[PDB]
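One letter stands for each residue in the lines below.
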Amino acid sequence: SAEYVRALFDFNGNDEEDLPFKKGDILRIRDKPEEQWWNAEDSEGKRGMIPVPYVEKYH
Amino acid sequence: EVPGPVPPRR
Ligand SMILES: *[C@@H](C)c1ccccc1
């Protein structure tokens, strides 16, 4: 019962802690320290922060 | 900038 999101826009990543991704990517949600910034993990296991408005709740 | 700006951090 993992929580995923689908990237709506390409995010190159602004900060070193940010998780860069591309439009259509599936990311697993690990943490929610903020309303608009969540800690996610991509398909390859790389972790980092992502902007919520750039993704949609998968399923 | 096709997407809107990223949200404010903290
Ligand atoms: C970028 C996230 C965007 C685009 C249109 C309206 C609001 C935000």
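Rules used throughout
- Residues numbered from 1 in each chain as written, not as in the entry; some residues may be left out.
- Chains lettered and ligands numbered in written order.
- Heavy atoms only, no water.
- Residues with missing side-chain atoms left out of burial classes, pairs and counts.
- Contact = heavy atoms within 4.5 Å.
- Nonpolar A, V, L, I, M, F, W, Y, C, P; charged D, E, K, R; others polar.
- Near = heavy atom within 4 Å.
- Areas by Shrake-Rupley, 256 points an atom, 1.4 Å probe, with all protein chains shown as cover.
- Helix = DSSP H or I, 4+ residues; strand = E, 2+ residues; numbered from the N terminus.
- Buried < 20%, exposed > 50% of the residue type's maximum accessible area, 1.4 Å probe, protein only.
- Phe/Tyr/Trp six-rings, centres within 6.5 Å; stacked < 30°, edge-to-face > 60°.
- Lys NZ or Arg CZ within 6 Å of the ring centre and 35° of its normal.
- Salt bridge = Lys/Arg side-chain N within 4 Å of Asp/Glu carboxyl O.

Caption draft 1: Region of the structure containing the interface of chain A and chain B. Tallying the contact residues gives eleven residues for chain A and eight residues for chain B. For the side of chain A that touches chain B, the class distribution of residues is six nonpolar, two polar and three charged.

Caption draft 2: Seen up close, the site of the ligand. Around the ligand, a shell composed of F9 and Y54 of chain A together with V2, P3 and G4 of chain B is seen. One chain alone does not account for the residues near the ligand; they come from chains A and B. Protein coverage of the free-state accessible area of the ligand, which is 260 Å², stands at 48%. For the shell around the ligand, a count of residues per class yields four nonpolar, one polar and no charged.

Caption draft 3: Focus on the environment of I29 of chain A. Residues and elements named next belong to chain A. Inspection of the secondary structure assignment puts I29 in strand β2 (residues 26–31). Judged by relative accessible area, which is 8%, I29 ranks as buried. Separated by 28 residues in the primary sequence, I29 and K57 place their C-alpha atoms 9.9 Å from one another. The contact partners of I29, leaving out residues within four places of it in the chain, are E3, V5, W38, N39, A40 and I50.

Caption draft 4: Seen up close, the packing of aromatic side chains. All names here are of chain A. Per the stated rule, a full pass over the model turns up four aromatic pairs over all chains. Centroid distance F9 to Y54: 5.3 Å. Interplanar angle 70 degrees. Geometry classified as edge-to-face. With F9 in the loop between β1 (4–7) and β2 and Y54 in the loop between β4 (47–51) and β5 (55–57), this pair connects stretches of sequence that are 45 residues apart. In this arrangement the basic side chain of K32 is found over the ring face of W38, its NZ or CZ atom lying 4.1 Å from the centre.

Caption draft 5: Structural view of the pattern of salt bridges. Residues and elements named next belong to chain A. All told, the structure shown has seven salt bridges over all chains when counted by the stated rule. Note that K32 is salt-bridged to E3, the shortest N-O span being 2.8 Å. On the criterion of sequence distance, the pair formed by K32 in the loop between β2 and β3 (37–41) and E3 in the segment before β1 is long-range, its members being 29 residues apart. Residue class for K32 comes out partly exposed when judged on its relative accessible area of 39%. A relative accessible area of 30% means that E3 is categorised as partly exposed. For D42, the salt bridge goes to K46, with nearest N and O atoms at 3.0 Å. Among the ionic contacts, a cluster of salt bridges with common partners joins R28, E41 and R47.

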